[PDB]
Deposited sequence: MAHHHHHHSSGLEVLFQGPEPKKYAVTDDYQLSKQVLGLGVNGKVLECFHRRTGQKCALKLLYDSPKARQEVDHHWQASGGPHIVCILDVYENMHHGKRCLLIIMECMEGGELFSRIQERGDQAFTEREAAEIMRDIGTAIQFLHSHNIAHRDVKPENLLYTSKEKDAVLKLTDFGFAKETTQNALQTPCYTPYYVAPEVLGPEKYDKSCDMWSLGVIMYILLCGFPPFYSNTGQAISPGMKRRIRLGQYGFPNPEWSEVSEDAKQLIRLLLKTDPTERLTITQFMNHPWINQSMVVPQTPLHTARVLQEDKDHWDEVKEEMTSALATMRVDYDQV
């Protein structure tokens, strides 16, 4: 577990920000003797920070989860902090990468992306962790290369559980799939964009987007759905997604912000009716 000596003994730090999570900022850094580029998450010590560390550490090593390399407990600006060192996710965000394709983005590619995410959620749900904030910011690629791996990160709202909490992940899966398939969020399946999408795909989304949490597919049901289970047999049909992502790039931040809002809403103890 946690190293009590200075992070800076092992890592050269940078001021380049790679991301922003509820509990802290993500900075680029380099391992001093290896030279490997890594990412540094600075958590000011708190029981929430300690939970994040605990949950991410448990999840680390699971399929399609951003790995922790080390964790430091340091003093920084007179305050006790935790520094999570993680693999550098040099490919950036999932949907930025889709956008940066021109090339065909096909239904089978979305099915394989969705399977990867499901495989992460499967791992987490079987270890009774619910993530509770699966969203575009948290879905990242290991490189900019063709063979990059999609991983999930940020365990700052994770909870060691509750079917309810698990169903918030299942819901994220349906939102992300929806955007994967057309380029815009569900917040029906309109033409032209949905015109050519599988009935399987649209059926899966309806089962994940149930207004009633208990009516939503569980991860096991999701992974056994033929659209996921038989993802490689899914139609190679060209989607509108990249094109739409490009066209509406100006409204992307808003999409991100209302998903964040939606997910926070699902996390409140008592909500309106």
Discussion item. Missing C-alpha coordinates: which residue stretches of the deposited sequence does that apply to?
Written reply: 1-19, 121, 182-203, 230-250
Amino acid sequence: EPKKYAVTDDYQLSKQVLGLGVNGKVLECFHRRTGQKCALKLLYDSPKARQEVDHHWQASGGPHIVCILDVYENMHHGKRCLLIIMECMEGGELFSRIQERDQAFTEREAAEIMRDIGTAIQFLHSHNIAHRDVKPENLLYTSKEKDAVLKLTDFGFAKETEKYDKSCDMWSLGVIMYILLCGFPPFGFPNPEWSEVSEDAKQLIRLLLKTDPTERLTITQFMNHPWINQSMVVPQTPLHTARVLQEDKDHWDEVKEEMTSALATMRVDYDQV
From here on, numbers count along this sequence of modelled residues.
Worksheet item: Hey, does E196 drop out of the model in a third or more of the other PDB entries compared here?
Response: no
Item to complete: Tell whether, across the other compared PDB entries, at least a third have no coordinates for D165.
Response: no
Worksheet item: Higher mean Cα B-factor in the deposited model: 240-248 or 57-65?
Response: 240-248
Practice prompt. Averaging the C-alpha B factors as listed in the entry, name the stretch that ends up higher: 102-110 or 137-145.
Written response: 102-110
Worksheet item: Can you tell me which of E93, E162, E90, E73 has the highest Cα temperature factor in the record?
Response: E162
Worksheet item: Looking at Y178, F155, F187, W171, which has the biggest Cα B factor in the entry?
Response: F187
Worksheet entry | B-factor third for the C-alpha atom of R216 within its chain | highest
Fill in: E193 by Cα B-factor - lowest, middle or highest third of the modelled chain
highest
Fill in: CA B-factor placement of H31, once the chain's modelled residues are sorted into thirds
middle
Worksheet item: By the record's CA B-factor, is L209 among the lowest, middle or highest third of residues in the chain?
Response: middle
Worksheet item: For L263, does the deposited CA B-factor place it in the lowest, middle or highest third of the chain?
Response: lowest
